[PDB]
Amino acid sequence: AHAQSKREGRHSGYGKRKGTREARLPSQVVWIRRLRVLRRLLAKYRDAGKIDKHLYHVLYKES
Amino acid sequence: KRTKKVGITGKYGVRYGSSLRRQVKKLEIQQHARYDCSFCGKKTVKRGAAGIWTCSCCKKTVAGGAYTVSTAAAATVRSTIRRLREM
Amino acid sequence: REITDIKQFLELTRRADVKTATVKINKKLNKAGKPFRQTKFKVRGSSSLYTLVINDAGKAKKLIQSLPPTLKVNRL
Amino acid sequence: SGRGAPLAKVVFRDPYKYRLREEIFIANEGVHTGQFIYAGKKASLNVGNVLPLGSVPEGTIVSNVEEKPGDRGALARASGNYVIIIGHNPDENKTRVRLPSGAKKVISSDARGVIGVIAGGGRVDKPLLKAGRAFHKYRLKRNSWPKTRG
Amino acid sequence: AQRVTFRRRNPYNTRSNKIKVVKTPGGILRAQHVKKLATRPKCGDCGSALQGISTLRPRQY
Amino acid sequence: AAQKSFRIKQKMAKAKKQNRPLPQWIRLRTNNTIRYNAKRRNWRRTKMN
RNA sequence: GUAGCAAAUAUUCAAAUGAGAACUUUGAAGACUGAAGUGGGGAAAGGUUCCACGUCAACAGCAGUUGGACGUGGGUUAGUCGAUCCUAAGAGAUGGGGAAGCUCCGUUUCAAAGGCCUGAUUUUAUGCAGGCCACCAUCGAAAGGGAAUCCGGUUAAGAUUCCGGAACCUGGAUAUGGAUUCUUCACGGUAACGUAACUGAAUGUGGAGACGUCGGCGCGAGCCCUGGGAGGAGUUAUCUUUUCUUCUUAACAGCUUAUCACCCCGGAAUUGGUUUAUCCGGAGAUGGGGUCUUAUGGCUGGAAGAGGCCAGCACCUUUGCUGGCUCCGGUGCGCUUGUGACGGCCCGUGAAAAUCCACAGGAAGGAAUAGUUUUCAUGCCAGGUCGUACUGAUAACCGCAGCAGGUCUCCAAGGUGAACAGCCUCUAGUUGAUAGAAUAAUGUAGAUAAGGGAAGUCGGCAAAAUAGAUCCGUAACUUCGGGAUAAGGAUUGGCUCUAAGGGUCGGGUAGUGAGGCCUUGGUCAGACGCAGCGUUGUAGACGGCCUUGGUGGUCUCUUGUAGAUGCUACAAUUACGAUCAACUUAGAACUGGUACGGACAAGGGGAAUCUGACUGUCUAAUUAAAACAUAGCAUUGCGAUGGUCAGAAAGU
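Residues numbered from 1 in each chain as written, not as in the entry; some residues may be left out. Chains lettered and ligands numbered in written order. Part of a larger assembly, values for the part shown. Heavy atoms only, no water.

- Chain E carries the name eL34 in the PDB entry, which gives Saccharomyces cerevisiae as its organism.
- Looking at the Sequence similarities heading of the UniProt record, one finds this comment for chain E: "Belongs to the eukaryotic ribosomal protein eL34 family." (UniProt positions renumbered as here; feature names shortened; annotations may be inferred.)

- If you check the PDB entry, chain D appears there as uL2 from Saccharomyces cerevisiae.
- UniProt, in its Subcellular location section for chain D, records the words "Cytoplasm".
- The UniProt entry for chain D carries the following comment under Sequence similarities: "Belongs to the universal ribosomal protein uL2 family."

### Regarding helix α3 (residues 27–48) of chain A
Okay, so step 1: The first and last C-alpha atoms of α3(A) sit 31 Å apart over 22 residues, in line with the 32 Å expected at 1.5 Å per residue.
Okay, so step 2: A positive phi of about 85° marks A:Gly49, the residue just after α3(A). (Helix = DSSP H or I, 4+ residues; strand = E, 2+ residues; numbered from the N terminus. Expected span 1.5 Å × (residues − 1).)

### So, the packing of α3(A) against helix α4 (residues 53–62) of chain A
Residue and element names in this part refer to chain A.
Okay, so step 1: Where α3 contacts α4, the two axes come as close as 10 Å, and the packing angle between them is 175°. In terms of axis orientation, α3 runs roughly antiparallel to α4. Taken together, the residues of α4 that come into contact with α3 (itself represented by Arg39, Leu42, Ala43 and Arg46) are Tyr56, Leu59 and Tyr60.
Okay, so step 2: Grouping the constituent residues of the contact of α3 with α4 by class yields five nonpolar, no polar and two charged. (Axes fitted to C-alpha atoms, helices over the stretch in contact; angles between N-to-C directions. Parallel < 35°, antiparallel > 145°, perpendicular 65-115°, else oblique. Contact = heavy atoms within 4.5 Å. Nonpolar A, V, L, I, M, F, W, Y, C, P; charged D, E, K, R; others polar.)

### Things to note about the pairing of strand β8 (residues 112–115) of chain D
Residue and element names in this part refer to chain D.
Okay, so step 1: Looking at chain direction, strand β3 (residues 50–52) and β8 are connected through three bridges and run antiparallel. Looking at β8, one finds that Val50 is bridged to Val114.
Okay, so step 2: Summarising the sheet, strand β4 (residues 61–63) and β8 pair through two bridges and their orientation is antiparallel. The partner of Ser63 across the bridge, within β8, is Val114. (Pairing = 2+ DSSP bridges.)

### Some remarks on a positive patch on the surface
Okay, so step 1: A cluster of basic residues, A:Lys6, A:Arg17, A:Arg21 and A:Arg24, forms a positive patch on the protein surface.
Okay, so step 2: Of note, A:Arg24 is situated in helix α2 (residues 21–24). (Patch = residues over 30% accessible without salt bridge, like charges linked within 9 Å, V, L, I, M, F, W, Y side chains within 5 Å. Areas by Shrake-Rupley, 256 points an atom, 1.4 Å probe, with all protein chains shown as cover. Salt bridge = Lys/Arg side-chain N within 4 Å of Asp/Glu carboxyl O. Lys, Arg positive; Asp, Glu negative; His and termini not counted. Charge placed at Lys NZ, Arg CZ, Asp CG, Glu CD.)

### Focus: the packing of aromatic side chains
Okay, so step 1: Across all of its chains, the model carries six aromatic pairs over all chains by this definition.
Okay, so step 2: Pairing B:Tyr12 with B:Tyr16 gives two aromatic rings, centres 5.7 Å apart and planes at 70°, and the pair type is edge-to-face.
Okay, so step 3: For B:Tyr16, a relative accessible area of 27% gives the class partly exposed.
Okay, so step 4: If you follow A:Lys50 out to its NZ or CZ, it ends over the ring of A:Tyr45, 5.1 Å from the centre.
Okay, so step 5: Stacked on the ring of D:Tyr138, the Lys or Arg D:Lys141 has its end atom at 5.7 Å from the ring centre. (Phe/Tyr/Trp six-rings, centres within 6.5 Å; stacked < 30°, edge-to-face > 60°. Buried < 20%, exposed > 50% of the residue type's maximum accessible area, 1.4 Å probe, protein only. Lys NZ or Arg CZ within 6 Å of the ring centre and 35° of its normal.)

### Description of the protein's contact with RNA strand G
Okay, so step 1: The immediate surroundings of RNA strand G are formed by 180 residues, with C:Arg1, C:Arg44, D:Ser101, E:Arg9 and E:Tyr61 found nearest.
Okay, so step 2: In RNA strand G, the atoms that sit within 4 Å of the protein are 72% sugar and phosphate, with bases accounting for the remainder.
Okay, so step 3: Interatomic distance of 2.9 Å between a side-chain N/O atom of B:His32 and a phosphate oxygen of RNA strand G.
Okay, so step 4: A distance of 3.0 Å is found between a base oxygen of RNA strand G and a side-chain nitrogen or oxygen belonging to E:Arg8.
Okay, so step 5: Counting residues per element, the surface near RNA strand G draws most heavily on α3(A), at 11 residues.
Okay, so step 6: In terms of residue class, the surface near RNA strand G is made up of 64 nonpolar, 49 polar and 67 charged. (Near = heavy atom within 4 Å. Polar contact = N/O pair within 3.5 Å; in protein donor to acceptor, adjacent residues only side chain to side chain.)

### Regarding the interface of chain B and chain D
Okay, so step 1: Each partner contributes residues to the interface: chain B has 31 residues there, and chain D has 28 residues.
Okay, so step 2: Overall, the association of chain B and chain D removes approximately 2200 Å² of surface from exposure, summing both partners, and the carbon and sulfur fraction of that is 69%.
Okay, so step 3: For chain B, the biggest contributors to the area lost against chain D are B:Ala63, B:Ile81 and B:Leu84; these three give 22% of the whole.
Okay, so step 4: Linking chain B to chain D there are one salt bridge.
Okay, so step 5: Linking chain B with chain D are 10 residue pairs in polar contact, by the criterion used here.
Okay, so step 6: Ranked by the residues each element gives to the side of chain B that touches chain D, the list is headed by helix α2 (residues 72–85) of chain B, at seven residues.
Okay, so step 7: Of the residues belonging to the side of chain B that touches chain D, the class tally is 18 nonpolar, 10 polar and three charged. (Buried area = accessible area lost by both parts, 1.4 Å probe.)

Now the structure itself:
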């Protein structure tokens with residue numbers, strides 16, 4: 001009943017949060033999620049032939 | 001850039017005094033830099049076990065200074081030996 | 001244990017260091033195709049146990065009859 | 001461990017039986033892996049080579065020198081240290097040498113020595129740092145550490 | 001919910017006393033002594049491993 | 001210690017055999033000064049080795 | 001008959017037993033430990049305390065029918081677990097040398113310091129030589145190195161040992177199958193390398209044994225949460241497709257399975273590949289194709305007959321018999337844990353030996369009308385000796401004791417929460433610590449206090465206050481790293497929503513010749529079963545296999561259907577759909593006796609001086625400091641026939 005209540009986004013306010021951001025969800029693991037997402041998109045886009053080698057590389061290093 | 005002047009010796013916080021932190025830094029940079037594998041040409045020679053400088057990928061270990069691959073005394077001796085070898 | 005082959009089984013029966021075999025019948029279901037027999041002829045002798053898995057009652061019949069009279073056979 | 005100068009394990013042969021008698025040296029600076037070390041009177045004057053002080057010209061920077069001939073190394077054995085062969089005399093074959101301490105000695109001409117400086121030099125010029133560095137330095141040489149004042 | 005136990009009187013989590021936990025045919029969770037891993041036979045010249053050669057801890061060959 | 005030496009097991013075994021009270025037919029005999037077993041030892045009271 | 005027998009929250013009702021019950025056994029409540037435990041094993045230590053029966057004089061600071069007590073018995077099963085073996089810091093014979101001597105030094109030394117194999121030759125089995133090889137005892141680890149075992153069941157008490165089933169290893173014997181052999185010691189692949197084998201002495205060489213620590217990352221197993229289904233149990237005045245629980249798969253064998261590394265083709269700058277972490281490439285990248293390690297997984301065998309969860313039937317005892325289900329998922333910064341590739345660190349670079357293998361090498365032997373090979377497949381035999389019970393501690397060990405002390409480790413559930421914190425529960429375990437009554441003083445351990453707020457006092461001692469998280473803000477001084485959570489503020493619940501942040505699949509459309517359902521067209525086995533003594537009369541539902549078209553939009557309609565879950569030809573070219581899935585932070589509304597880190601948990605802060613720079617260390621049991629240490633600095637001795645120091649002596 002609490003696990004369903006926490007899915008719908010209750011019990012998540014400022015007074016139910018005794019850990020820091022970097023403890024609850026480490027900024028590193030957030031960055032790793034995001035980069036692996038952007039890396040695999042640029043991989044799919046270059047192999048599908050949406051972009052070529054030269055745009056891939058500059059947007060790889062900018063990502 | 002994060003630290004003004006402290007650089008690598010930021011890991012020693014405020015302890016040990018400015019002048020000792022600068023004196024250790026000058027050599028902490030040298031021992032952790034990469035040098036030119038004079039066999040390979042490639043700029044990667046792994047310092048490992050002070051006095052030993054291995055090549056990253058041609059497996060060739062040279063014997064060097066504690067903090068630099070070739071010291072000023074070892075440059076002088078190699079030059080002077082080359083000089084007085086010719087007789 | 002090893003699972004062999006067929007063949008080799010007609011020579012395992014006559015290896016002369018084997019005394020005992022076993023018939024195990026496991027009514028097994030293939031994607032609800034229908035419940036078939038699944039017979040297993042196990043040859044105990046000497047340093048290993050040899051399993052022959054047969055999936056039809058026809059060949060089960062045929063080389064149950066082919067199993068030698070110079071052998072003990074424990075059915076279940 | 002307890003010594004701040006690399007050791008060059010250098011494989012030689014056995015002239016009399018079929019072996020490879022492996023010998024443990026103190027690597028001179030510029031010595032590298034697979035390179036050929038030459039030990040004897042007729043050996044060339046290159047870094048790493050082991051020739052008697054008599055078979056060498058004046059002004060050479062030698063190391064791992066013998067006090068007596070047949071000693072097998074005694075002098076200038078530590079990090080970044082070397083002997084300078086000052087003088088000579090074939091008449092009563094005894095050569096003058098200047099030791100890392102700045103003392104002038106007179107050794108036999110048959111006493112050997114390795115050419116160049118011993119590697120690992122400048123090891124002392126970095127501050128050791130925060131006690132624990134000293135602790136770990138000593139822990140593999142001897143039990144002469146944290147000295148109480150009498 | 002179910003916890004496990006050593007089987008060789010050595011109660012010390014050293015090498016040669018490493019426990020993999022296993023569920024058995026008896027529906028029982030039990031610990032078994034996993035042996036030491038085998039480092040690969042390596043080239044007598046370079047540092048790299050020797051390809052086409054079984055690991056098998058010495059005396060296994 | 002569960003991993004006893006046999007030299008300790010042999011002595012535990014003799015200490016077990018010795019641990020009994022006086023047989024109550026020796027009190028019947030002639031002149032018999034002996035009353036009870038004086039050298040009786042329990043695992044609680046006094047240890048050995 | 002006093003002090004006292006008051007810390008570990010806590011006991012209560014009934015029956016039974018018995019002379020006797022607060023204490024024993026059972027039932028029933030109520031509780032606690034709360035998986036860093038009062039759980040389940042072990043180490044050292046103990047030594048029979050283990051378990052059964054009989055029993056209560058002594059002991060269990062009350063009691064006693066109970067017991068770790070008392071009396072008599074029973075009990076510890078190994079080729080695979082250890083010891084045994086190897087070496088480590090070391091301890092130590094020997095040769096020798098010292099010493100009046102007890103003995104001391106040294107362990108490779110100023111030593112003549114025995115072992116190894118092939119046939120020989122068959123003198124009831126003894127002499128050869130192929131010849132080789134030698135700085136050389138022994139002891140030293142029940143946590144280091146290490147040949148090999150797993151599952152189920154079993155006892156009053158043992159079991160990785162007993163039983164049943166399956167393996168495996170080492171030591172030795174041997175005979176078949178295989179493989180090799182027309183000059184005989186295998187072939188294949190360009191190659192990395194492969195295959196069931198596929199000669200190989202001396203000697204040499206190399207590998208494994210064989211190793212730090214930490215931080216993130218990938219993978220695996222176990223657990224945790226979770227879905228559908230097949231069972232049982234609980235709740236049911238009302239509600240609940242739901243609360244709980246079973247649905248498991250060992251060693252071992254197979255076929256397969258990968259990061260890494262490597263190989264062939266190829267020749268890159270318009271510099272590309274690429275990690276969370278920036279490394280890599282003309283000593284050859286990307287890309288295309290391959291090779292291997294088998295850790296690890298999958299499937300199979302083990303192995304369902306086992307174990308589990310059931311139902312029906314009886315059975316005097318004591319046992320049963322019969323049948324059924326044991327299936328298919330999903331998920332992740334989860335927890336433990338093994339691990340792979342990396343990376344930070346060092347004036348620290350993180351054992352050795354036994355043991356085993358491989359190669360280099362070419363000694364020696366060996367053929368075809370009979371012989372090679374035991375690194376493979378099968379077959380045969382043997383595996384000794386000792387330990388093995390039990391506690392491992394608020395009652396089995398040490399502390400005079402059944403002592404609030406001390407004593408080394410392993411496994412580890414749910415919820416809240418950052419969390420192995422505190423608080424609550426499940427499994428499992430206890431409910432033991434002399435009790436009854438009454439609630440004076442004084443105590444001990446908890447608390448609260450109007451107003452004032454250190455006036456108390458040697459001194460703010462003791463307590464109070466502060467506290468989590470999010471946003472705002474943050475001074476002097478500084479060795480520019482800090483100070484810093486400075487200071488000083490503001491917000492936090494419930495509920496209903498809104499927003500953002502992903503994985504996989506599709507590529508997005510019409511025109512033939514060739515392949516899901518429905519016969520059709522041809523077509524290949526026939527499994528099984530009825531009734532009598534393998535036999536003969538004998539049911540027979542059908543298992544496989546191919547190639548013809550037609551059925552989503554819809555004229556056809558009071559209205560349709562089966563499969564888009566349908567491999568061929570010329571193609572028109574975007575920012576988009578279907579689908580499954582966690583929790584993170586924002587944002588808004590609504591609402592309450594302005595409450596919300598609601599319990600638990602949890603900084604007081606500031607301005608100065610003295611002093612020691614810092615972290616670290618000691619007066620075990622009155623002193624933790626400004627004392628010791630420390631890095632830094634300085635001085636002094638010494639180049640070995642030496643310096644400082646040891647020894648009675650010495651070939652120390």
